[PDB]
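Trainee: experimental structure below, sequence on top.
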Amino acid sequence: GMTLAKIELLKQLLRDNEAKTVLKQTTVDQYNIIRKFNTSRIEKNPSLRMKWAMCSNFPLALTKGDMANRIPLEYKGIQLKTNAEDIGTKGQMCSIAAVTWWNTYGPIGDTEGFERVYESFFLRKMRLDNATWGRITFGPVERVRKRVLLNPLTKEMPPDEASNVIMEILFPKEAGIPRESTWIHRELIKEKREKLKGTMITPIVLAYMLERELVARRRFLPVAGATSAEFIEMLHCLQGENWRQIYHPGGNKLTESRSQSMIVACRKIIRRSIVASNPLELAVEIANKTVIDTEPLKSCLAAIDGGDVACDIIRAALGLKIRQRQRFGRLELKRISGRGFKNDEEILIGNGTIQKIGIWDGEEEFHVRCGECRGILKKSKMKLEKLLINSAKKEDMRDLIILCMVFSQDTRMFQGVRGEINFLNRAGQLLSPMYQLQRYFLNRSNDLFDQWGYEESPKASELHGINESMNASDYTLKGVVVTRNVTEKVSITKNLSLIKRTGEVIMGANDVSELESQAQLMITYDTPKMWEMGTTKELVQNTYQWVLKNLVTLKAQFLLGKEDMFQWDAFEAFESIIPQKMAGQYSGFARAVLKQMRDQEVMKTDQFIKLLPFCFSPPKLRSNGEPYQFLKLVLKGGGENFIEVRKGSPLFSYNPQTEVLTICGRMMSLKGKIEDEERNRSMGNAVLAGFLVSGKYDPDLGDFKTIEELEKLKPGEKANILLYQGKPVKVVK
Amino acid sequence: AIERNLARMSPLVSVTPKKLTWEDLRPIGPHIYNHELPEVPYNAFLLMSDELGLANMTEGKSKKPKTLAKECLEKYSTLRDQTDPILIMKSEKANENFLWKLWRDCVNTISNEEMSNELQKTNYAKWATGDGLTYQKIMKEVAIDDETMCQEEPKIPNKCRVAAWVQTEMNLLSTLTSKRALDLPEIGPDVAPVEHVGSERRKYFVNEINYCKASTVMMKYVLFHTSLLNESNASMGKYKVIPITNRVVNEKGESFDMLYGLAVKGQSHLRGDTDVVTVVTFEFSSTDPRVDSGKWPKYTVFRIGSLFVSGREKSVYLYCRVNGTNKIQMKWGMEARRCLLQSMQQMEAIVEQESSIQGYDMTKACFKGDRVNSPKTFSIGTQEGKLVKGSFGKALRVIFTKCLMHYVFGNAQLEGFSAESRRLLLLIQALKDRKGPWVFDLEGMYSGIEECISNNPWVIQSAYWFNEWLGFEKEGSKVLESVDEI
Amino acid sequence: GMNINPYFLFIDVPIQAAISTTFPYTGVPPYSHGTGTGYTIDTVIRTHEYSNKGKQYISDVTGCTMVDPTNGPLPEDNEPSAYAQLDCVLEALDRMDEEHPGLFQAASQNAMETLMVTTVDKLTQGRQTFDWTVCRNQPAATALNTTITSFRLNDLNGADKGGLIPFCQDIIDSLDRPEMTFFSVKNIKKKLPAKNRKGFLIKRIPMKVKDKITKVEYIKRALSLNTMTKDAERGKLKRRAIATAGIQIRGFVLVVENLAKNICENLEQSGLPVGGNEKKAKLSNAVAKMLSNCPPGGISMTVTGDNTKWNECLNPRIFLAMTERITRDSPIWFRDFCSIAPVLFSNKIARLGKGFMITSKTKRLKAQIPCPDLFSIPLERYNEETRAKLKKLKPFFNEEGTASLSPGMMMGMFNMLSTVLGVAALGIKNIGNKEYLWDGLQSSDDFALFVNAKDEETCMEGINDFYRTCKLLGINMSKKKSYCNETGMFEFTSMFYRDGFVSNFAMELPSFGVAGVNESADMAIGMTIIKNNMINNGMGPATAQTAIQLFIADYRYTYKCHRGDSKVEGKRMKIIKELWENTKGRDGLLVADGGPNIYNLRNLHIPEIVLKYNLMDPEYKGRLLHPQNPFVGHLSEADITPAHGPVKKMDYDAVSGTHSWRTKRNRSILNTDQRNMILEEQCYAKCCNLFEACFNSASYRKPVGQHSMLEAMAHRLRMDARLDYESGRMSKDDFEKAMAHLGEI
RNA sequence: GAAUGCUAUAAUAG
RNA sequence: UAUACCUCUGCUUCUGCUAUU
RNA sequence: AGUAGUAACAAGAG
């Protein structure tokens, strides 16, 4: 019965006419202004002020209470506290020795439900404690800066939803309007309220602790193949720029996080296997030794029922039943008839902008599902043909309709985009348009339905239509029907295609997604040369390192047998980071320059090193025999993932002065591994295939010629070329 | 409109661009080479390479600063007892009689059997700590009527020339000793291989610095500033003698206490952070101040005896200086330990870089060298106009030493120089990278760098070293002049 | 001998790679001393120096000497110009609007919708604000309170409605009041009985008195800016002046900034408001595309740029134009709302500060001359430097000791909007369809212009044009600081690009110290900084492990809490050593209790209490985590009502224990006449605490209601009592008193 | 095979 | 003046905006 | 004196 006291203390307070008027005039809103009212300035140098203050006699202020009085004035000739009261706490000031006294000879309080209150932190420690550390590995790591979750949540909610859930637990009376969110987390509230029931910790602390494990802490971090929160929390020990440490958290790991990481692995395997002769051979080699956190990939694919084309391809490659089951966030499909042909086109959206989306051609039928609700969907290129659905939850039925309409990529659905939609984030990174459109129309459904159309309902046996309200109605949306009703052997080609017993194909290596994304869990490849499924810059650096390592042998062997040492496992891996549609031509160019050095004697060891890896892909010359010429060699990834022919590039550059080679910001020395005559020996010779230097810039010849203009010269014709800035060179064909 | 305005705008408005050539980069701060200017004087708080600590081998477990200073002087009684002022050097506005009286007061007070280290406010101690030297406040009304009361012309830092002792400090502080000072506390046991790599990597990095001269000097500054702050707040109104003390460990693993001298702390009623508290220092040294006389105009020196430096009987002097710190400098002194981090990280970067290239841990390889790789070397300095290389360990220590000097000579002059020079450093890297750089107003760029060079020993020597290094790069560039030139 | 040179590292390692070694951040940052009047007067002189050729006129509102550079004569030299042409700005804005279609209205919408929801308490979060009632700086939260209390006296109750809009309406309305009245406290002696010889005691009680000011005197105060000097400004020789603005002006700045932020977020070349990793990502992505999209057989160049006299030249009247253009399709009220903040800045007045101190070396006397009495003594008295300043100040000086400052943005709180003006310049791209093409990045005054062209000679012709363009917007590119080179390496906001943004561990080294919050908090911060630096700032595992060591040392010295087994003599150490001997589970003792450090790389993220909880002693943990310990201060029930501060949400994870204490408040206030404010503080604190006792949720979430605080408190207690009676918690005798006492309200 | 966007007392940056 | 060899004080002697959140 | 450096502290107040 604290009520009585409060009421009486109000009467005490209301005697003071200053307080009386404050309470009368100051609104409940304005509490937030007067609470923050203070006299003092903001301490700009607290590090200093603290260091200084700790040398004083009584720096700390107790709270005026009976407990404060359990501390003695002094202990064995040490002034623990003073009689003088603090301005703030209105309680006796004390020394830091007071704290130490309390902790040594103070009263022993009750710590009941402490581990329940601070469970969040104990789990954090438990995950470290019940962990297993693998091996540290030294080698280039391409870290990507992505927005990730810092701490594992018990259940994720928006701030507002979380705030109301927290209110229901701690402060039921001052909750306000009951939101539907209250009912959704009914078990969580009930659970938490029972666990925190036995406690003597301040409610404001309990509030922020629950907030810590409900509100999401999602911030940008440099990551490399580990997005899961339980990994992120240990990000400092996971890797650096030039090293990587294997780490397995404790407790549990989510099946969805297993699923999405499983996909990434399968895609990486396929993306590398494609380039090898007999891809299935290499695919199998890797997949068996591919581990996800601690669970093998083969085991993962068996256990998990889901995944994309890549998962099924590898499943077939291993010898496991392929699942035609797909996912689109909340929607789960399983194809029965049709064939998907994804193709990038410029879609114009309702608001009045153009976005590059992949559209799927052909007539297809799937078994759509959303929780308790089920159905069958028939679609075509940017049009929903027909959609049969079941009858279950009113809200679950409502979602499936929206999901299926979006999944269809209907021209109507794109035209109903009215508002602010973001396909590019604040840091100018891509957001998946189809998954963004899924989130948008899941909220604003009223606009979608109106911009779609309506028609007469079906008049069949068990077929009766539903309208906007999601009840049985005469009007229904164009291609919507509600009903009362709810394994074949495959083989895989060595070239990675799933052929049926008849002969028609279900999937191919060409059908998997090109996108490379950060795995949720840590992918390990338990094979030597695991780097092969790395990033562009990882593969690029390791290759050129392997060239330098064996430069003694590779350069010598080249001067004997021509094409004996062009086929190497490093250069195979290196091909998989080259755009396939330009790989052939690069090899045609590189080999032609390589041989040109050997034959005509005009060598260049850095240029040898630079181009040698490109000489793997079977060459592809022009129609007139002469190879393709190039200024730069563009590779998979960002605009800075390119090699230069004449100049240095962000990936590769040589400093003759220091004889230092710079590969992806790492500095290697070519001192000792360089010829004496090579110093003054110009680069002009090893820059264009079937071209050699004659003299210097001749103004009579005119300006510098492009790739084209040089390619369109008759053997014997001279020309002007610019290698890097301020270095003209006159060259013949 | 833009096009129209651009047309009618005067051509005199332009960036006036020019392509940078090595020849355009003249030496920064030409005045520092002019002999007419005075040799930049030593102006640190404590001595560094000129230091001398009286070694008192202790039980190993700690004791009171008065007690350890007493027992340390008890050991070296011949120095402690010397009561005859044999004056060598005398600072212009100093007082030989007072300073010596003060020294003796310190020695006597520290040696007595009392608990307190308070000094009575004598005629000499009052002069020494600048007693009652603050001007009295008066009303504006009275000040306005007084014609003789004026706003004083701001005192500007005087211009100085290059001094060899700065070079010599860097040279000596870098070098290895047998003595370990650092007080690095315990850590949790290793589990993760990262931690195991880190620990083994520490054994190389930490030791290399810990076993150098610069390391002790730092710890001296830290530990002194630590107690000097504690006295300043606790004993505001008391003149107090504070021993310049430090703990050292030799190869055999024995704890020696090092008494480098005694200091006295004036009244320390510090409201503001910038508010000054006068500290008069008395420091032991084997350095003969007659040698480099232009280095010690701020100091007053007394020959106080002799000691065995090895087989040689070196004479022991006593450097006496009135100094001053404020609430900030003392705090930054206690946070000087972080000099280790700036120096360690930078060199660890190299190890980690090299490690990715080779595929294994290149820590042990870079210092010593292993079966595969021979040890890493760095262009370290010069010897009669010819570049010289040095160890990874040497290169490490130079950076650590450099970082300590950033603290020790840390003011607005250094900030300004370091920032504006970084601008010019990058232009050189462009020329090195052959990324043909352009400039708009080079003189203006220089101005900002050159105006910062006044009376900072570190800035002045950095301006020298920059000019030296520039000349060598300017030579190295030549190699690239004729490349792919037919 | 062998003479070591540290610059010889740059032979073996490129500058960018080891840029860390060029930041001396183990050194002391520059601090100012005494007065900022010298530094302020300079700003005032220069600002008008760059606008002196514009339209000079007298304000018929304040009587001040207003100067207007806009639409002025174009410069004849490279000296800083503020003579920005409106048409050139509007064109640049149009170009921006074309290439970013329907962004202005999109931002104006969101900004407008934001304003509607925005409460007044939004103004209670901005350090020291100028309080016009007392003509000195106060905490933001108090500055608002003082204004609200004063507004009520003049019949202005817009603040009571809760939203920012009606409060803002009151601010612009308050300018129309003929006289403004405000409370200012005076002390009063009063006899009070006591166990004294004479049997009484005199005590000084404060009482609020209503002071008046005229229409003009209030306006000037509303337009006033308090001036200081920027302390701890790194990498700069000579000091610079800054300014804090009034609560009146801060209300309108919020919207204009919010508007500009919305625009910036959706701009390709904006460094704001993105920060850290998000920024690095954006700029890394941006550099890649602008790099690769260069014409083949051409030269891409990067001008590492910097704008000198940024705030001094940029004019409010241009910022007014910017709002009018951006709010094209917004309703008339919102167009007018946004227009106020620029208008106020265009008529702003600068307070000159503390004044100058005059001395006599012979007499050893010093005295501060206030700014009103600055021209009291002859100018022969002042030093040569100051003498000239005062002469040049004269035509802008106000006799009450202020300065008219129509041009410039002295306070500079249009970071976003000034960035937009910059981006708009980068938006031009080309002039007269020449053989170049420019596009850059912009973080306020710092910019990085890329130029793709045929030859470097042509690139220069483009940079020359970009330079000349900026001059038309009132943006002056520093010729002295800015430099140019072939693309691959540049500097932007002290982020150093060399085929990728390099690591620069030195910059944020000063964060490795003891934070100065308290023992429990600083430990977490310490280990969190180390953890975060291992990630972002590329600190290796050796340096990281040492970073722990060096921290623990600092911590053990600062909080004088060395290891219990150590023999380091001290006052706190005496009890620590007893605790060491008493305790069995010494591995469970925290470091601050003289316990051993068990932190390593792997467990930086875990609280020390939670790490050691399981290996603590039951008596020790009970003491350490006592739920009614007096060091932290809990709740409860007699009359516990101290000056409590609202408990914030901090990022560091730490447990509430005895080491989570608070320091005693600086007692300098007890000498000065500001004494009185303590009672005012404790008065509010009395109310707020009882209100918190009534509504426990008020601590967690902001309570809402335009009704009276007393009204709310009454009803809740009435309900509580009624239910407590019927339930059987409260007795009849108590319930009699309950309803009786509540009846008296 | 995507997301989920915010708000500290330190430090750094502008 | 007096109490005063007493008493009180040690960021408050004007420390801004914005981003990393 | 000294700290220091474009202006201060070298105690301030009843």
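Mentor: Nice, thanks for sending it over. Numbers count the residues shown, from 1 in each chain, chains lettered A, B, ... in the order given.

Trainee: spatially nearest residue to the residue in chain C that RNA strand F sits nearest to, not counting backbone neighbours?
Mentor: Closest contact between chain C and RNA strand F, by CB to the nearest atom of the strand, is at residue C:34 (2.0 Å). To be clear about C-beta, it is placed using only N, CA and C from the backbone, and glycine gets the same treatment. Excluding its sequence neighbours, the residue lying closest to residue C:34 (CB to CB, 6 or more residues apart in numbering or on different chains) is residue C:357, at 6.5 Å.

Trainee: residue 602 - how many residues pack around it?
Mentor: Using chain A. 18 (other CB atoms under 10 Å in any protein chain shown).

Trainee: not quite, I wanted chain C
Mentor: With other CB under 10 Å as criterion, residue C:602 counts 21.

Trainee: how about the contacts made by it?
Mentor: A:128, A:234, A:237, B:191, B:192, B:194, B:195 (CB atoms under 8 Å, 6 or more residues apart in numbering or on different chains).

Trainee: in the stretch 201-350 of chain C, what residue is nearest RNA strand D?
Mentor: In the stretch 201-350 of chain C, the residue found nearest to RNA strand D is residue C:234; the distance is 4.2 Å by CB to the nearest atom of the strand.

Trainee: quick one, what contacts that residue?
Mentor: Counted by CB under 8 Å, 6+ apart, residue C:234 has contacts B:415, B:419, C:25, C:29, C:30.

Trainee: kindly report the same for residue A:488.
Mentor: Residue A:488 makes contacts with A:500, A:501, as judged by CB under 8 Å, 6+ apart.

Trainee: secondary structure element for it, which one?
Mentor: Assigned by DSSP states H and E, residue A:488 falls within no helix or strand.

Trainee: ok, residue A:313 next?
Mentor: Per DSSP H and E: helix A:309-318 holds residue A:313.

Trainee: just the CA trace of that helix, in PDB.
Mentor: The C-alpha trace of helix A:309-318 is given here as PDB (Å, rounded to 0.1, in the frame of the first residue of the first chain):
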ATOM      1  CA  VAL A 309      18.600 -24.500 -58.900                       C
ATOM      2  CA  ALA A 310      22.200 -24.700 -57.600                       C
ATOM      3  CA  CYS A 311      21.100 -26.700 -54.500                       C
ATOM      4  CA  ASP A 312      19.300 -29.200 -56.800                       C
ATOM      5  CA  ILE A 313      22.100 -29.400 -59.300                       C
ATOM      6  CA  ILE A 314      24.600 -30.300 -56.500                       C
ATOM      7  CA  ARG A 315      22.000 -32.600 -54.900                       C
ATOM      8  CA  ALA A 316      21.800 -34.500 -58.200                       C
ATOM      9  CA  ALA A 317      25.700 -34.300 -58.500                       C
ATOM     10  CA  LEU A 318      25.900 -36.000 -55.100                       C
END
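
Trainee: which element is the residue of the stretch 201-350 of chain C closest to RNA strand D on?
Mentor: When elements are defined using DSSP H and E, residue C:234 is found to belong to no helix and no strand.

Trainee: dihedrals phi and psi, it?
Mentor: phi -80, psi 160 (degrees, to the nearest 10).

Trainee: cool, and the one 4 residues further on?
Mentor: According to degrees, to the nearest 10, the main-chain angles of residue C:238 amount to phi -90, psi 150.

Trainee: check contacts around it.
Mentor: Contacts for residue C:238 (CB under 8 Å, 6+ apart) come out as B:412, B:416.

Trainee: hmm, 7 Å instead?
Mentor: Under the criterion of CB atoms under 7 Å, 6 or more residues apart in numbering or on different chains, residue C:238 has no neighbours.

Trainee: again with residue C:310
Mentor: residue C:445.

Trainee: give me the distance between it and residue A:337.
Mentor: 66 Å (CB to CB, to the nearest Å).

Trainee: show residues contacting the helix or strand hosting residue C:548.
Mentor: According to DSSP H and E, residue C:548 maps onto helix C:541-558. With contact meaning CB under 7 Å, 6+ apart, helix C:541-558 is reached by A:50-51, A:54, B:183-185, B:187, B:194-195, B:197-199, B:201-202, B:205-206, B:226, B:334-335, B:337-338, B:340-341, B:344-345, B:348, C:512-514, C:522-523, C:526, C:530, C:534, C:539, C:562, C:591, C:597, C:599, C:601.

Trainee: any idea how far that helix is from the chain center?
Mentor: Relative to its chain's centre, helix C:541-558 lies at 30 Å (CA atoms, centre = their mean, to the nearest Å).
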